[PDB]
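1. Sequence and experimental coordinates follow.
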Amino acid sequence: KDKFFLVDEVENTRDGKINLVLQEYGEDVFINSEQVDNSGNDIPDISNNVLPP
Amino acid sequence: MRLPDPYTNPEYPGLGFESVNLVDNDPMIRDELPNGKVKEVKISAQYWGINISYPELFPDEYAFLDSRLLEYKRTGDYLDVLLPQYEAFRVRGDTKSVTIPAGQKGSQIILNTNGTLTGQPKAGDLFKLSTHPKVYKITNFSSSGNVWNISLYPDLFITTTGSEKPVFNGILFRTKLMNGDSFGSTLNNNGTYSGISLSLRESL
Amino acid sequence: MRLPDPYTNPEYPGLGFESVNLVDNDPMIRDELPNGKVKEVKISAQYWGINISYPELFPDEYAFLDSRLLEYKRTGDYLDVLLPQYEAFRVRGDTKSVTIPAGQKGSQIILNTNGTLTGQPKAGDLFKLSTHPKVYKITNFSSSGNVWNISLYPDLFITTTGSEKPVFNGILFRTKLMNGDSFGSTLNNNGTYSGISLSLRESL
Amino acid sequence: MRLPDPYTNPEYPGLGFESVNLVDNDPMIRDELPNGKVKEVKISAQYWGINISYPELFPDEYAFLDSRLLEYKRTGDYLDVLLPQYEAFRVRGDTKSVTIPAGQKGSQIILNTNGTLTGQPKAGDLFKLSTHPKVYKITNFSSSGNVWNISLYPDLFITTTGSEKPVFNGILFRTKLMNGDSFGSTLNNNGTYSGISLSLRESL
Amino acid sequence: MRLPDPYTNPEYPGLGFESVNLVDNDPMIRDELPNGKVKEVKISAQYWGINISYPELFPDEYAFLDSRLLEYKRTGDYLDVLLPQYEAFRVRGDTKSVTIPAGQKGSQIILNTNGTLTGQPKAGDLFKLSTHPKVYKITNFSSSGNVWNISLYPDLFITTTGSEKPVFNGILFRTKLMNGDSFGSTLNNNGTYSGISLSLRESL
Amino acid sequence: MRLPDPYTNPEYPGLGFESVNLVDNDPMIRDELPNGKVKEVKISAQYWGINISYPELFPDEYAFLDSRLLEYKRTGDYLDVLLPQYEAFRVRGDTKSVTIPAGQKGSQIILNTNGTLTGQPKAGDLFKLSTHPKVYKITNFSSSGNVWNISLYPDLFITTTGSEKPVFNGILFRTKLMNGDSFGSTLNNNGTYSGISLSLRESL
Amino acid sequence: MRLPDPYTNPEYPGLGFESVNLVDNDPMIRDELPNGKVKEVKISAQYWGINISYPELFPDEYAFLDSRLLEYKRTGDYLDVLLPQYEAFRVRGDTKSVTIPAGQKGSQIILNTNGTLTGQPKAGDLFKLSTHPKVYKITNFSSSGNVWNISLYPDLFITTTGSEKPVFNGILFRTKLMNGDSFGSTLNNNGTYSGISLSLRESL
Amino acid sequence: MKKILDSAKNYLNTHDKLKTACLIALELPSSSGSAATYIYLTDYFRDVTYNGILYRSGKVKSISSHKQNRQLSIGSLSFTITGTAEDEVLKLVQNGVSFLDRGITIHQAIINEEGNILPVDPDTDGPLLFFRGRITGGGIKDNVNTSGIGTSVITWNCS
């Protein structure tokens, strides 16, 4: 819903059809954005999904 | 150069048009968006396509027609084609005292008849300017006094210079014969020529 | 604009559909799963398609028809048509005093006649909102006194804003021509234009 | 939802199936080795394909059929199709006291009728489980006392849980209407609708 | 398994080939040399192809036929057929006491009847070994008393081991269906299944 | 060499064209400009194409015909044909004393009969120069006493050197066969070769 | 091996050639230059193509024909085909005392008949050498005393060694049966075999 | 992003049939700097008088697509010319090397319901520029066949 993309390649034809190639990026990874991220404190855990008898 | 028809040459009744096909050729780039809206784009010009079919031809009729077609292909002229169904005489008078204001490049001709023309043109008739060979069809006509408002299907191929004179009767299609690269006619054992077709295209 | 027909121009009985094909065109992302289940997703908008076939047209009737069609091609607007098989006036009255409560999306619709309309719209009849030009098709009907519950095959394209008025009669399809690029008419030696047909397509 | 047939709706005799086409669709990868041995590989599922043809339809018959089809396309339901030639009543009784042992995933149903069912099913009949919509054809049947050994063409699409109940009569195909993307019917000048065909596919 | 036919099931006279096409399929590396000489190398194995066409089948006969065919498709075994035009019992007797000396490869074969068989197998008749399921075709015959010299069109697929017994009657082709993937049957309003046909193909 | 025909071999009336198709083959660089103007450039040489169809040929007549054709294929020379519809001897006299002044290129040609020829070559007739084997077609004629002005459809391939003599009668097309690669003749049980036809093509 | 015809086997009248098709197959590389000159290049050999059509065949006629064809396919021999229309006996005598000078590799045979042969061969007849199986057609023949000048369509496939002897009568085409990869014949319910065609090619 | 005049957006939304025209102003070589000439072409079906410059319509057949991305690179565009025209066949064949590094300005112009040009670009109230740059080479491909219809296409290349 209104996902943020960035144009990367616009092509104009004589028929009017315009070819686009957007580019998706992470979150708050732009120079203009507020790069401060507070959600990384919860470190992921190890995947020990096997157990002994 | 005029294509032989039973108006100028009634002695060859086989030269009549057994069936004409006035093809509307207006190439457009049509795109249908997923939101249900169909969109068109027009760049190229519109040219009237005429297809003529002929019956069995006797040796003299075929000789005359072939001589005319070879004369065309020799001098590289332009075949003129007359359609009888479009020869209804409505507007009569002099077309030299009528004036067309200049700068008209749209799809509509506004002309002051100056009261010199009797009758009124009907929608769907054939209309043509005197300085350009392109043939137009009147799609609408409103008369408010002496000034006429004629609406044409093909967008005006020329910008009026003020010297053009409308032509309503005696209109001919300045066609160029297509399919002339491989043009032939088989002669049957009974002496009549068969399989003659003229695919003409309006080369303005 | 309006496509000419015997209702608008009774003096031309040659106009009028010899046969009309009302096709249903709903694009869908259909997928045939390996387990036997068929999954289809509706994304592209649906549009009615109208294929009109004309009987033998005499030269004047065809002149009127192609004049109107060329005016269509010139001014570039939409071309409205009125299918006569759906012209059964099954609902009398004036629908201005009929209110459709706002905030309604989907196939179902609720409208209050306020005791004005006389006649029940049976399933299979057409339906069209006053503002939007889309044409729906009633599939089921159920009324509790004055309030009417109508189910339409295509989902409401726009959510009702509380001012849209029902149109149970004189429904016109806002269509666009699909044969314009190469549209030819043949004239027989009998004097009639034969095999005139149109492939219309509802826009938006 | 049931497709209208002259069982439920005899007042519309034009809705009968002029010709049905039960298509066996079981895609397989067949490879022919140069040593003369033809080898097959089966991965995808088998689905019964039903094709219905109709005669000329009067306005009321077409109105009813089109209303039902549009209701289908609106609610996204599943059309049920009944084939009269497969409605021979052989097995009669209660199918609730019969037990089907669980864990049967092959191409064969072993069921203990518990003496509650009279008659015996015939090879080539239609058989269906009560908990799955897929339709099976009995290819062989051997009865040794009360336990029946019914052999089915399509490999069991479900593993029996022990609660399924065999269904022998009143079997309907849970089909989904194909070719609905471009669905239409031409109305002739004589008032009857022609060119109506239903290509249905069993969407279990 | 056995394909049903009026010999196995006389109660169904509708079964039985309306027309059978016994095609010869020998792939070959044919090469057309520039000098006019045609060189062909036989590498791939040869296989008879059988195209069976059925007459109007009534519902019960088609039920039996497609039940048997679906049992074929289920258990996956081979489908034997008996061509009736080659069922002329031209050789009486029991062939168990007929010995075929071991170590024989190629078209020619030598078998000793030991004064048991009565009747001469003329050219064009079928022949089949007891062990291998391949079906040959006698092209020439020559006997010197009890010993018979038979020439077969396809070379002996397996070299005789001294125990293979001749089978001059009741020869069945071990075939596989080639129409299984999409096999539909149409039911007419007359009550018969029309245009039922099979494209069989001998396996190994 | 000469293609056999009833004029050269009257004893074989089966020879002779049942129907001859004289096609015109002028390759051209045609270009359809966006403004409606059609521009075509002539670069490749023009060549008449002759399609000859024969009636029912009896075995001896076909033996003569294919003997002559195979001699053609063997010695590799050209194959002359004489179209009989253009054999109207409209110009009497001997043309040796007719001079064509040198240095003439293009469609127009001027030749001085010096009061020798009797008869006027009307438009549509054939014309051929003594030296070059090209065959032209008169499109228009105009004479002032003895001097004749003839316009030919194909431009003069070679400029007149002052010695070329007109050939108004017995004009042969220097053609090459185009059906040689696969040319088969069928013999009926009635005893005649049916559907013998040739696709000739003028070389140079 | 000789193909069965109603000369050797008149008891099977259905084995006659209902229609033969002697196809001239001489592949060439034909290129048409823009200057109107058509140029050909020949590398590969010319092979006579024979196509045989058959009427409905009774069981015995088909049995005989199929036995012969299977014998052919078994021994890998060469079918010999006799065309009755080419069996006119003109040259009679001994062909052993006639001498052919060696070193003749062109498309022309010069032979000294030594006065031992009566009659003269006619153009379009069939001619063949005794040491090569290729069949030639005489395109021209001039006799100056005892030395004959026979001209042949296919260029001599062998260089004469001086031991070859001309063969004029009893000439057979050493053909090899094409379309034998998929060769079959459908047996109708009335007992007659239909759809039998032999596409033969001259495999010298 | 380049915004366009409000009336431009209104016309583009409301009107479904757009009569676009590509206006080409090609630079013409001159022996000395004392001369400066241009040849004006368009693919429309009639001459377009834009800013007092008469864009003739006979010759140009087709135009390629202009493409760019976020990385600087020398984009290229190629447009075709009818090879049946004598002027252009002569020009390309006998002067196609002196044409190198000569400018070109292609405009994408919408033609109103009348012949006037819809003012899309707000900076000049004129057409929206489509391409600009210099020629780099050319090419003509005459293709005739002894049977049928030949072809003659002049292809220009630009950067």
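-> Received, thanks. Numbers count the residues shown, from 1 in each chain, chains lettered A, B, ... in the order given.
2. mind listing what the residue in chain H that chain D sits nearest to touches?
-> Of all residues in chain H, the one sitting closest to chain D is residue H:16 (23.2 Å; Cβ to the nearest Cβ). Every residue, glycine included, has its C-beta placed from N, CA and C. The neighbourhood of residue H:16, defined by Cβ atoms under 8 Å, 6 or more residues apart in numbering or on different chains, consists of B:37-40, C:76, C:176, C:203.
3. how does it look with 10 Å?
-> Residue H:16 makes contact with B:30-31, B:37-41, C:76-78, C:176, C:203-204, according to Cβ atoms under 10 Å, 6 or more residues apart in numbering or on different chains.
4. out of the residues you listed, which are buried?
-> B:30, B:38-41, C:76, C:78, C:176, C:203-204 (16 or more other Cβ atoms under 10 Å in any protein chain shown).
5. Pick out whichever of those residues sits closest to residue G:106.
-> residue B:30 (65.8 Å; Cβ to Cβ).
6. Could you pull up the residues touching that closest one?
-> Neighbouring residues of residue B:30 by Cβ under 10 Å, 6+ apart: B:38-42, C:176-178, C:180-181, H:16-17.
7. Helix or strand: which one has it?
-> According to DSSP states H and E, residue B:30 maps onto strand B:29-32.
8. strands paired with that strand, and their directions?
-> Note on strand B:29-32: by DSSP bridges, its sheet partners are strand B:38-41 (antiparallel).
9. Pull the strand it pairs with out as CSV, backbone CA atoms only.
-> Only the C-alpha atoms of strand B:38-41 are listed here, as CSV (Å, rounded to 0.1, in the frame of the first residue of the first chain):
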residue,chain,number,x,y,z
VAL,B,38,-9.1,1.8,-24.1
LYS,B,39,-6.6,4.4,-25.4
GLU,B,40,-5.7,5.3,-29.0
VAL,B,41,-2.8,7.2,-30.6
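10. For the following helix or strand past it, which residues meet the burial criterion?
-> Using DSSP H and E, the helix or strand that directly follows strand B:38-41 along the chain is strand B:47-53. By 16+ other Cβ under 10 Å, the buried positions in strand B:47-53 come out as B:47-52.
11. For strand B:47-53, which helices and strands make contact with it?
-> When contacts are defined as 3 or more Cβ pairs under 10 Å, 6 or more residues apart in numbering or on different chains; DSSP states H and E, strand B:47-53 packs onto strand B:19-25, strand B:79-81, strand B:135-144, strand B:173-177, strand B:197-202, strand C:182-187.
12. Which of the ones you listed has the highest mean neighbour count?
-> Neighbour counts (mean count of other Cβ atoms under 10 Å in any protein chain shown) averaged over each of these peak at strand B:173-177, with a mean of 23.
13. does chain C sit close to that strand?
-> No - Strand B:173-177 stays clear of chain C (Cβ under 10 Å from any Cβ of the partner chain), getting no nearer than 14.3 Å.
14. Going along the chain, name the helices of chain H.
-> For chain H, helices defined by DSSP state H occupy the ranges H:6-14, H:86-95.
15. Any part of the lengthiest strand in chain H near chain B?
-> Assignment by DSSP state E gives strand H:128-143 as the longest strand of chain H. No - Strand H:128-143 is not in contact with chain B by Cβ under 10 Å from any Cβ; minimum separation 13.6 Å.
16. And residue H:139, how close does it get to residue E:153?
-> To residue E:153, residue H:139 is 64 Å away according to Cβ to Cβ, to the nearest Å.
17. residues contacting whichever residue of chain A sits closest to chain G?
-> Closest to chain G within chain A is residue A:14: 33.9 Å, counting by Cβ to the nearest Cβ. Counting by Cβ under 10 Å, 6+ apart, residue A:14 touches B:29, B:41, B:43, H:20-22, H:43, H:62-66, H:79, H:106, H:108, H:130.
18. Same check on residue H:131?
-> Per Cβ under 10 Å, 6+ apart, neighbours of residue H:131: A:12, H:22, H:24, H:63-66, H:75, H:77, H:79, H:104-108, H:158.
19. Now do the residue of chain A closest to chain G against chain E, distance only.
-> Here the distance between residue A:14 and chain E works out to 46 Å (Cβ to the nearest Cβ, to the nearest Å).
20. Pull the contacting residues for the closest residue to residue B:83 other than its chain neighbours.
-> Leaving aside its sequence neighbours, residue B:83 sits nearest to residue B:20 (Cβ to Cβ, 6 or more residues apart in numbering or on different chains; 6.2 Å). When contacts are counted by Cβ under 10 Å, 6+ apart, residue B:20 touches B:50-53, B:81, B:83-85, B:198, B:200, C:184-188.
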